[PDB]
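J.: Protein chains in written order, with the authors' numbering: chain h, 3 to 39, 365 to 445, 520 to 686, 741 to 801, 813 to 862, 887 to 975, 1059 to 1146; chain C, 8 to 278, 286 to 374, 383 to 413, 426 to 543; chain T, 7 to 139, 195 to 353, 431 to 492, 565 to 615; chain X, 318 to 506, 515 to 568.
Note that CB positions come from ideal geometry on N, CA and C, so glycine has one too.
Okay, handing you the structure first.
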Amino acid sequence: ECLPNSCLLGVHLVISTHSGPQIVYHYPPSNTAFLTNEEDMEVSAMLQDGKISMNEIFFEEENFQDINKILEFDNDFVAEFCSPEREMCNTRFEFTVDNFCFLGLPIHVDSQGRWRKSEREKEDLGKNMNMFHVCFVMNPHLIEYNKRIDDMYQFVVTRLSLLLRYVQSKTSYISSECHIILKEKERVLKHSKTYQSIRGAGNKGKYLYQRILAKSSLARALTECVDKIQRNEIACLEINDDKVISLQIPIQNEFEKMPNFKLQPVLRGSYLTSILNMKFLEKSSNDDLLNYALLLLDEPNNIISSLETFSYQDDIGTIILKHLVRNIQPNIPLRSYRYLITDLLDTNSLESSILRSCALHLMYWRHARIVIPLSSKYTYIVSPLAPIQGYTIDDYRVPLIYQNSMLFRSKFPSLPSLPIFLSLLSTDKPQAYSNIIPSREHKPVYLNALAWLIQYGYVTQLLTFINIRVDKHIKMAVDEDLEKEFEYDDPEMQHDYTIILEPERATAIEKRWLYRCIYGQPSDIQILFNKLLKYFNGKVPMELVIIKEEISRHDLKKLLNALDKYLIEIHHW
Amino acid sequence: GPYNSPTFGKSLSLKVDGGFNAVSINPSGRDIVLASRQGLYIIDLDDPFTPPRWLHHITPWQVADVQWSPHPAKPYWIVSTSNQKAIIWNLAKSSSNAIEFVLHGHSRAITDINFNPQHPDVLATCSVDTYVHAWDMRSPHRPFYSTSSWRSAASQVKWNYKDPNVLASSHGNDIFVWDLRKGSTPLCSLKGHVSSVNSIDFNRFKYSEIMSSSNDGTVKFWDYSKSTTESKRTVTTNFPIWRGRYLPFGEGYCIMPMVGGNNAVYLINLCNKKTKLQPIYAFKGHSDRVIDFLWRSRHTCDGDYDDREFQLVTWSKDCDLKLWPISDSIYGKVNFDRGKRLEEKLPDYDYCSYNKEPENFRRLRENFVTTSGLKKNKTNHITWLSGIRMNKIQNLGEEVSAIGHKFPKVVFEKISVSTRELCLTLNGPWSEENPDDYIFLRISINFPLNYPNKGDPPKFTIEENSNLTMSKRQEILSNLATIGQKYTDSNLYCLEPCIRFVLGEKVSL
Amino acid sequence: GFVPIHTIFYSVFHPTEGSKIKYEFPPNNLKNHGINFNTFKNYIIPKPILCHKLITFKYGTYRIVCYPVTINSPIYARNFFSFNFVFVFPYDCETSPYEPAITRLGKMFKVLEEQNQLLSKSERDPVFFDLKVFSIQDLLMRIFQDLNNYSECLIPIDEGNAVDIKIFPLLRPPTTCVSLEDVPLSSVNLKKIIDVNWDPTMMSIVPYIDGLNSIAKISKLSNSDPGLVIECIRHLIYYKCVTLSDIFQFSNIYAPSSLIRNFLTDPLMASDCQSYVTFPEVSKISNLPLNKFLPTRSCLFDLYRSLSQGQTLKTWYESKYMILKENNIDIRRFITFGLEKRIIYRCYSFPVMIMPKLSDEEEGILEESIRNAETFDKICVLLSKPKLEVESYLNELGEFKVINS
Amino acid sequence: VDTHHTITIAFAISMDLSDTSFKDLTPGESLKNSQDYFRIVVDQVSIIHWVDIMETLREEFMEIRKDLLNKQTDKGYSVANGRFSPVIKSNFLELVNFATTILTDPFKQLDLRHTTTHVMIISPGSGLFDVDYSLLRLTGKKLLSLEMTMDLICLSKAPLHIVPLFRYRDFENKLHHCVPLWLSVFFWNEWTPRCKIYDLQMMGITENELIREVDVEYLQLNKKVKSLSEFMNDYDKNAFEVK
């Protein structure tokens, strides 16, 4: 299943003091049925300012449970069996009861008081605590257990617990956060008479959690992680007011082999291209990424606003990465953007490595998918996975085509609407994109429209794959050459066509076939064939060949038209 | 012929990855079949370096047992369990269409398969659903004999060597002896065990002698013509015994444990008496538990004398298929003697190799696509060659495996250790125009009979290229001949420095 | 495949010396392999809130699956008697198929212990009982060995009780996006699979499956409701036998896919393509004019790549008709082989908005289909009318355009 | 609930003597050559001996294959011959009319501590049965004249069709489906498969004999078409018509 679904239900903050394990903070107080199927000055100020982000469906009357009960289990019992011994700590804790995978990475103190090796109740709890655990409750299906649990532990839990252990090791934070959470719970349950006047258990819990999130900092981080991993969004967590961690689970929205959406569903608007981002991330563990161009997946100001949450203060990374976003366009190769790094800092230069790192960061965090440097001379078709049907991205009440037509009309009001513009690209035979442009006064606006369409996955690029062919005349000619060192009839409809699958990996007679295929063409055609014979394997697009080998497009047109009856054209994404 | 086999009498260990829970041997003594959940592997014993032939049959449940057909007129029939059905394979067909017919009896998983030694076209299968079925290969539609114990899942089924219509079955802690003439009512129900019975066997020369193993470490010998209860002999070991089988030569029996012991097969001389196990020879090795042991036979064609030599083949859980030679001291300690006269001549089997793939309106003759480029580069060949240990560097196969692992960027086009043919491709800086660029080559290698023993070097042949001049070809061939001529004077292996030099990485002297 | 069991052992709650391993096969396997029954002993015999549940955790590199069972009666000492049949697997596997078997084994032994105390009296120790008012080891050996070898067992433990375990693979649930315009294929011969236990609808669906009948056509032919046909097709997809496809017309926009190189890289695709696409005899359809001996593999490869995103099948056939006449190629079989091998796909047509008087229900479902941006195929299926009539009706209703995606 | 019921568990087995395979059976037709066995496990016994009741039931069920699949032969041995009839072809009406023999007479011997004579039938099917017409009529006319409620409980999942479902043939050999009004069906217990495909669940058919034999049918002429354009227009014109 390519549909992204992080099956998360909640988080725990279980610490183990010397007086026994206890639960400090679990964010969703809802029951099993919903999940499986100076009084208020700072609180209201932070709620209006937006620092308290917390879902409200978890605190409704039909979807609320007591704080002491977690999924038909008491808090003490959950704190007991989620607090292992020393031998089962400092490693994975994949515990399953019944369709409930209690998952987390417990961090336990060593033989000494060291957490890791290179008010006075707060210091007492810091010197008395020996184990803290961040337990994630998951309910994946039985066929995807080994996928969901593994990806969650690989992408969220490990990094979160390692950062928590590090920050606890240097300057005690989980001890202090747990102490202030317990102190605020004591001050709300026994004091702060505004809590008593509130009618309703759900609203009481909402007020308690609002006060906790207003006073604590780790509680806000756990709440944001639960609310954003469930929403399949990038979670930015503020920890210790000096470091921020970005947590996500990757989304498979890039495809090459056109998955059967009738049987296995696929996200609508998935980028169905043979040029993939993921072939560049795995290569970072040939082709240079500088030759391709970055196409932003959102407006640049919103990308900058989202980039203002990846660092607490403006370091050098979020200066270069902000400037590059403000000065990028999806029609020029990344080699031409070395001057932005060159002006902001004082081949194999460090500028190229910095730009590579920034491009990887942009295309990993769902900000700018890289593409070929789009022009009007390429062929563009409507992808089969075009976001046309469905009321949303993952429906499976207005369909996506009319919503995106409204967005197209709002963004581009000086050009025909999305149904007309899509019908002009699919009804006739696929030709160059410049044949839709009526005048040179409408070229950059149509380039922006094309970049928007590729951004939304509506329109892909039809690349050219060239395969070589040898007929019987070349076979007879090389037979005559090998002689230099039926029969009654001539049916003209028979041609002993032999396709050389790999021109580079061929025998002597097959290379003789390919070299006799050019016997008669001038010197430029011979040089262009000898420099581009190894790319005629039916798998390398010719646009990438033009970009990499620095050849003219008209030269490729000459080479194709001269060898008209021996070159096979293959056109697919 | 069997007498030119280079792997008889020498200890050799394969490495067959894949989790194979069954093994059987061609009665000719050349082929070995291995059964897994994905199908069958057929391995030539005389040329183990060739990759095994793969027959595809994907089943979720683990296969139980496999048995080569001992019928001399049809040596291409292999019967292997596939859950609730038995598949009779055909090696003369294609690799993807080797299934001939399937026995659709039983209702649950087939447990064991044994062939009748007197009528080699009669098959008996026992299954978990308490059914023991007797099949006939001539009409494989319905079983001509059905019987059951109605209480426990069967574990093994064996025919009687002397009486052609007596078969025995083990069902839990009680073993039954059925008769085809009677049917469904046993001749005798031998009840002397405490734990479950793992294996059952028959004496080759005795009419009514039965040996069974057990989980509680009790090997009990029966003579059911005298008394059904008790036992003629009882041997107690310190481990559960998984398979206990009679010796084919002389008087004796070999047993092996499922767990415990040293995971070795113990050989015990046989020349109501409870006693302890006193083995003669233990086949030490096999770090993990052993799945089955097989016997390899090799005798003269038309001779009237019992001059056969025996080799033991053990398949274990550690993905090791070891070959155990048998010394003459074992032939002496066990009561085995070369018979001056034979009452009956031994059967003669065709010594064929069922490992290579067989050759198999009106279409028009053409070459649609080039065979080269369509080829898959043989990377499984190097892994297979890395797992053969005959007796630093030992033979040609280990050298080929070493150069394959040392240079992952050298693509092997043809590997053939048996025929000493080695065709490989590489890219090297051998252009008179531009020394920086690389030229694709297809160098083929031929080795002599004694490749490292004498001063004779390999004869390298390079296919012609327009990119390669005559001068460069002469230089490469002369330098490779010089390296091979000089470096075999120390009787070492010259395939690493030659390939390194043609790759242009360094120079050696 | 099925993971082999690593170590099976039987824990029990002794009222004096606590939780301990009563029996274990293979013997001393846990101590040899490093597994210690002093770290996870609180999960094997837990407090009675975790009891009667399928506890599964990870210990080092070994994944441990167990079903603890606790019986409450005054007959036993301390009013309780707890045991656990624990299964240990390596971590890098899938313990999904063994979980119902372990749960049912625990439930069955709980039932037997509640019935006649089969597991408590087997200890031969009166300390398990109040005292005021069959071999387990052989069973473990047989369970371990039979589940390692045969994945099945019929192990007898008494005169009327037997451990009957069969391990089945886990199959993915089928899709829910199956509609009335999708034609179902059948990669298996469904004639010989039918036995007495089938659903009555699924008996009727089988004869009308040939790669060219739509689901609504199957429903109307077999006199079936479309919902039960949808469920039966989903059941057939669930066993990996039936794959959906598209209704074949002569107005389709078939185009090559990214797997068109499979017609060269597969050694057994073109050879079957020669025999598949050819008429059995010299058919008359290969002799009609455009207006008034087997095919070459190169011809078939050139005909596959001749399709394009915008060239309808009518235009391609009337632009290439001498080739499909001399070679005697059935065009429907030609397209169907390419669709079955996933080397070409179909560009669907979408009537996005910007004659006889049809009924009120017809215009209502027409408006509902237009509002949901449904394809021309679904509208044609629901109205039981061809493409031209649907286009004329839509043009009478309002201006619209066609998207070939 | 602390009840004092008087249970009476009895088997009811139908054996198919014929050698024809089960795949070759026409739906709605009862088995022609069949033999019916009845094995009473426990007589009228109060439920306070439920441990002994379940022990007897387990022993009798585990010793039911030997009692029937083995047959006595006059030669001097036994033969493991015989097959259980399937649920669809089973003798369901014969069980129903065998149960209505202890209540037939209103003036039977009185049970002085028990009143109701509730009857339950446990079946491993899904409420689908093949019945005879006259037997069904007689069963209905008898069951509307005596004080019994029959609650058939099925050990399989609830099927897509309505339950209970009876398939039968009339005197003119036409298939008919009817739902009786004297039987109540209970079922004993994402996506759940409610249809049973036994040959594919257990992989009882191997790979080479499971390949498709009937492919897509070839195109045909209408004997009124002169050109390929006319044929294409006619094929697109009749691509959605149902005959």
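With DSSP collapsed to three states, give me the class of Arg835 of chain h.
T.: Note: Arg835 of chain h maps to strand in three-state DSSP.
J.: Can you tell me which residues form a DSSP beta bridge with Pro74 of chain T?
T.: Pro74 of chain T is bridged to T:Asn90.
J.: So, is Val86 of chain C buried or exposed, given that buried needs 16 or more other C-beta atoms within 10 angstroms?
T.: Per the 10 Å Cβ criterion, buried.
J.: Beta-carbon of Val173 of chain C versus every beta-carbon of chain X: anything under 7 Å?
T.: It does not; no Cβ of chain X falls within 7 Å.
J.: When DSSP builds the beta bridges, which residues end up paired with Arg250 of chain C?
T.: According to DSSP, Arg250 of chain C bridges with C:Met263.
J.: Using only the alpha-carbon positions, how far apart do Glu609 of chain T and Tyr486 of chain T sit?
T.: One C-alpha to the other measures close to 19 Å.
J.: Could you check if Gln921 of chain h is buried or exposed, using at least 16 other CB atoms within 10 Å of its CB as the buried criterion?
T.: By the neighbour-count rule (16 or more Cβ atoms within 10 Å), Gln921 of chain h is not buried but exposed.
J.: State buried or exposed for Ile262 of chain C, treating a residue as buried only when at least 16 other CB atoms are found within 10 Å of its CB.
T.: Classification for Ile262 of chain C: buried.
J.: Once DSSP output is grouped into helix, strand and coil, what is the label at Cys302 of chain T?
T.: Coil, per DSSP.
J.: Which residues in chain T have a C-beta closer than 8 Å to the C-beta of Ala71 of chain C? List them in chain order.
T.: Those within 8 Å of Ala71 of chain C in chain T are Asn210 and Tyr211.
J.: Quick check: the stretch 324 to 333 of chain X against the stretch 349 to 360 of chain X, are at least 3 beta-carbon pairs closer than 8 Å?
T.: With a cut-off of 8 Å, the stretch 324 to 333 of chain X and the stretch 349 to 360 of chain X count as touching, because enough Cβ pairs lie within range.
J.: DSSP state of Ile469 of chain T, grouped into three classes?
T.: Here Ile469 of chain T sits in helix by DSSP.
J.: Please decide whether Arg1078 of chain h counts as near chain C, where near means a Cβ-Cβ distance under 7 Å.
T.: Interface residue, yes.
J.: From T:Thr45, T:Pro489, T:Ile51 and T:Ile11, pick the residue whose C-alpha is nearest to that of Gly24 of chain T; which is it?
T.: Of the candidates T:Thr45, T:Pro489, T:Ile51 and T:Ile11, the one whose C-alpha sits nearest the C-alpha of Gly24 of chain T is T:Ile51.
J.: Please name the residue, chosen from T:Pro566, T:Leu593 and T:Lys227, that lies closest to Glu578 of chain T on a Cα-to-Cα basis.
T.: Checked all of T:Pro566, T:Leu593 and T:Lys227; the closest Cα to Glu578 of chain T is T:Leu593.
J.: Between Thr531 of chain X and chain C, is there a C-beta pair that is closer than 7 Å?
T.: Judged by the 7 Å Cβ criterion, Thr531 of chain X is in contact with chain C.
J.: Given this structure, state the Cα-to-Cα distance separating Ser457 of chain T from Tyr442 of chain T, to the nearest angstrom.
T.: So the alpha carbons of these two residues sit roughly 14 Å apart.
J.: Using a cut-off of 8 Å between C-beta atoms, extract the partners of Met265 of chain C located in chain T.
T.: In chain order: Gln206.
J.: Assign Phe431 of chain T to buried or exposed, taking buried as 16 or more other Cβ atoms, counted over all protein chains shown, within 10 Å of its Cβ.
T.: With fewer than 16 other Cβ atoms within 10 Å, it is exposed.
J.: Report the residue ranges of all alpha helix (DSSP H) runs contained in full by the stretch 350 to 380 of chain X; include only those spanning at least 4 residues, in chain order.
T.: Entirely contained in the stretch 350 to 380 of chain X, the alpha helix (DSSP H) runs reaching 4 residues are, in chain order, 367 to 379.
J.: On a Cα-Cα basis, can you pick out the residue from h:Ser438, h:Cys637 and h:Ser573 that is closest to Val557 of chain h?
T.: Nearest of h:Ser438, h:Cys637 and h:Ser573 to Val557 of chain h, Cα basis: h:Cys637.
J.: Counting only the same chain and skipping the five closest in sequence on each side, list residues whose C-beta sits under 8 Å from that of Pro55 of chain C.
T.: The residues are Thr14, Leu19, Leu21 and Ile410.
J.: For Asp425 of chain h, return the contacting residues in chain T, with the cut-off set at a CB-CB distance below 8 Å.
T.: Here the neighbours are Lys59 and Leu60.
J.: Specify whether the stretch 79 to 96 of chain C and the stretch 360 to 368 of chain C touch according to this definition: at least 3 beta carbon pairs, one from each stretch, less than 8 Å apart.
T.: A contact exists between the stretch 79 to 96 of chain C and the stretch 360 to 368 of chain C.
J.: Measure from the C-beta of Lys548 of chain X to each C-beta in chain T and report whether the shortest distance is under 7 Å.
T.: With 7 Å as the cut-off, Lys548 of chain X does not count as an interface residue toward chain T.
J.: CB-CB under 6 Å to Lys288 of chain C, same chain, minus the five flanking residues each way: which ones, in chain order?
T.: Excluding positions up to five away in sequence, the list reads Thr241.
J.: State buried or exposed for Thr423 of chain h, treating a residue as buried only when at least 16 other CB atoms are found within 10 Å of its CB.
T.: Label assigned to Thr423 of chain h: buried.
J.: For the stretch 453 to 465 of chain C against the stretch 536 to 543 of chain C, are there 3 or more C-beta pairs whose distance is under 8 Å?
T.: Touching, per the Cβ criterion.
J.: Let's see if you can read the secondary structure: which residues bound the beta strand (DSSP E) around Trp309 of chain C?
T.: Element bounds for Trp309 of chain C: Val304 to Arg312.
J.: Could you tell me which whole alpha helix (DSSP H) segments of length 4 or greater appear in the stretch 1072 to 1101 of chain h?
T.: Whole alpha helix (DSSP H) segments, 4+ residues: 1081 to 1089.
J.: Sort out for me which residues DSSP pairs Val535 of chain h with in a bridge.
T.: Beta-bridge pairing links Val535 of chain h to h:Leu15.
J.: Is the number of C-beta pairs between the stretch 667 to 686 of chain h and the stretch 826 to 841 of chain h that are closer than 8 Å three or more?
T.: Contact holds: three or more Cβ-Cβ distances are below 8 Å.
J.: Can you name the start and end residues of the beta strand (DSSP E) that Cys428 of chain h belongs to?
T.: Note, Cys428 of chain h: beta strand (DSSP E), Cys428 to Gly431.
J.: Inspect the beta-carbon positions of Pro403 of chain X and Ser443 of chain X and report whether they are closer than 7 Å.
T.: No, they are not a contact pair.
J.: Please list, in chain order, the chain C residues whose beta carbon lies closer than 8 Å to that of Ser436 of chain T.
T.: What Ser436 of chain T touches in chain C: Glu388 and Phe390.
J.: Which residues of chain X have a Cβ atom closer than 9 Å to the Cβ of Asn104 of chain C, listed in chain order?
T.: Result: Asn533.
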